[PDB]
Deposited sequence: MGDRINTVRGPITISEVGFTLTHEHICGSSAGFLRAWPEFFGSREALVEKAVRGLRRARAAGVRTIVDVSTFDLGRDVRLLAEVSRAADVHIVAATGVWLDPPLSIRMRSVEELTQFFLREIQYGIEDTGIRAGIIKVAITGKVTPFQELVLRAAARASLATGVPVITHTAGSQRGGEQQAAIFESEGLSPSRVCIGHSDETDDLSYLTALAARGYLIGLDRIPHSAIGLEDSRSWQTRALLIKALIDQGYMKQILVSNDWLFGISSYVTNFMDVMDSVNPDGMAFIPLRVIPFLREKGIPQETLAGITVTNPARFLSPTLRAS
């Protein structure tokens, strides 16, 4: 009955309403510490994140999963400061996203396994903060290196029970390619969330993965307007999977952040202008939309509370 957060271990009952795919800052390893003035200042980024997380908490959120890896510039000290000041649980990540530096991309499957295990079992850097989830990312056709990452993630998950979350580049469906590799390693689908699955209308693809026991990440809902399908279209994929009997396979989030340096310079302003609700978009907009579409409150509670707790609880 324990999940590791940036403030230490918590019990399952304390997790509450969870956003399973979020970020405080999307960056690169070392970048926030080397050039904080890219974000105005570290202090300004903290203040923005604390204000935003407090608004999410007032809307009912109790935990977020920050799926920033080392190569996404995860700064666990930043996460800890924001978590404590907003009084919202934050689960930190290990793994490898789409921008590994040489010191990561030259590593073998065995070495990557050891790195993920260090971050889960011992702690991140010198902080003692342990990761509670393993993040992986692929580009449509899984590359040799990305296959090594997925295998190491499966091996680390089998050793520790922590789950795996995935990202696929270019709005492409990658769940079937990912699931093949995970299953060749003996990983249970119930440990894996196929992220950004709301980027497709292919309900056959979604239902087939859910039927195998994968978690389906419908987690970019407010990104609809940026680059196009409406956010309501994406949200109705939640209803569609409920209607086919797969409510227990659904995880919902925003994939939001309070700063971003890994893309074009004022991309944060673009995102904020399109979705001023930020991480509160799920509770303030999506949940009432599903209720008015007739989904029972208990089912919505199961998706936002029970499913994330079952996913995060380490299970061997």
Deposited sequence versus model: which ranges have no CA atoms? 1-2, 230-232, 322-324
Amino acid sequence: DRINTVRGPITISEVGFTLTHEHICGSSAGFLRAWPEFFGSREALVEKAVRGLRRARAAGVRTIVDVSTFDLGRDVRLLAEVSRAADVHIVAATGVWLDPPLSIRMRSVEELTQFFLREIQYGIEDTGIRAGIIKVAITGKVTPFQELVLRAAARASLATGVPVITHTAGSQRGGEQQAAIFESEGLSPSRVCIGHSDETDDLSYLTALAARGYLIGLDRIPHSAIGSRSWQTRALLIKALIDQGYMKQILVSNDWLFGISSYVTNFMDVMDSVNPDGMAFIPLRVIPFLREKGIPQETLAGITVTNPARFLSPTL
From here on, numbers count along this sequence of modelled residues.
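Between two forms, the rigid core is the largest collection of C-alphas that superpose within 1.5 Å.
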Which stretch is more displaced from the shown form in 5 other deposited structures of this protein, 163-171 or 240-248, with RMS over structures and residues of Cα positions after a rigid core fit? 163-171
Core-aligned CA RMS in 5 other deposited structures of this protein: between 102-110 and 172-180 the higher one is 172-180
Other entries omitting residue 226, at least a third: yes
Comparing 80-88 with 196-204, which stretch shows the greater average C-alpha B-factor in the deposited entry? 196-204
Going by the mean C-alpha B-factor recorded in the entry, which is higher: 183-191 or 90-98? 183-191
Top Cα B-factor in this entry, restricted to 273, 254, 68, 261, sits on 273
Top Cα B-factor in this entry, restricted to 34, 286, 64, 50, sits on 286
Can you tell me whether residue 109 has a C-alpha B-factor in the lowest, middle or highest third compared with the other modelled residues of the same chain? middle
Give the position of residue 18 by CA B-factor within its chain, expressed as the lowest, middle or highest third. lowest
Tertile call for residue 229 (CA temperature factor, within chain, third-based) is the highest
Relative to the other modelled residues of the same chain, rank the CA B-factor of residue 29 and answer lowest, middle or highest third. lowest
CA B-factor ranking of residue 167, expressed as a third of its chain: middle
